[PDB]
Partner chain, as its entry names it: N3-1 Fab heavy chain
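Okay, here we've got a single chain as structure tokens, the form solved without the partner chain, with questions on binding and movement later.
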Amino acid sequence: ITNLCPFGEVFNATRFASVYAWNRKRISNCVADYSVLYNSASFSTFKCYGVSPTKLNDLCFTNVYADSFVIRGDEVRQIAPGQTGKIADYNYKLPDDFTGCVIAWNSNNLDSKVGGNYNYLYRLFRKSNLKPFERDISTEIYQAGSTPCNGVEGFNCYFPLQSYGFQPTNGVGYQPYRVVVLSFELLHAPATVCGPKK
């Protein structure tokens, strides 16, 4: 096999996504070279769980899943297994048995506007915590209190989504951060995606 895994379509896309509606891409039947990844000298965070971030280009995986986000910098630590917070349980939940790698880099030069970038959203209110690897794109009105909310927002009926509204003047903890999560699977099935060996 000689196909090259399409990391460019996910690591260099113009606009990635909103956190609450993160898109997932299935990488399989291809050859992935990780030299460009861990030796880019541009990723602020390259935290690998369950695998050594240096020898990941020599063991073969059954398939890979690439997930994208644009989040707030100070919230990046919430994208680790076990950690909980505002986006770790209402927007994106990682299983405690994770075996992937979380990559994150600051992108205030592409995902910020002087007036304000009200184009990236995250879920603020939800009835219960998200299950591991679950999406929730429904915009149903969050019924707080006791009186039913018949579909019209107002008093005691909140709108679940909220906007980050990035600006190119906030601190490093309030600037955009592009995040890519690579989930592997060390199953017993015959592997089909992995880096060049011989």
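For clarity, a rigid core is taken as the largest C-alpha set superposing within 1.5 Å between two forms. Residue numbers count along the first chain shown, from 1.
Beyond the structure shown, there is the form deposited with the partner chain bound, which is absent from this document and is the topic of what follows.
Along 91 to 115, residues 96, 97, 98 each place a heavy atom within 4.5 Å of the partner chain in the deposited complex. For residue 154, the Cα coordinates differ by 2 angstroms or more between the shown form and the other one after the core has been superposed. Superposition of the core reveals a Cα shift of less than 2 Å for residue 167 between the shown form and the other one.
With the core superposed, residue 141 shows a C-alpha displacement of at least 2 Å between the shown form and the other one. Cα of residue 93 to Cα of residue 153: at least 3 Å longer in the deposited complex than in the shown structure.
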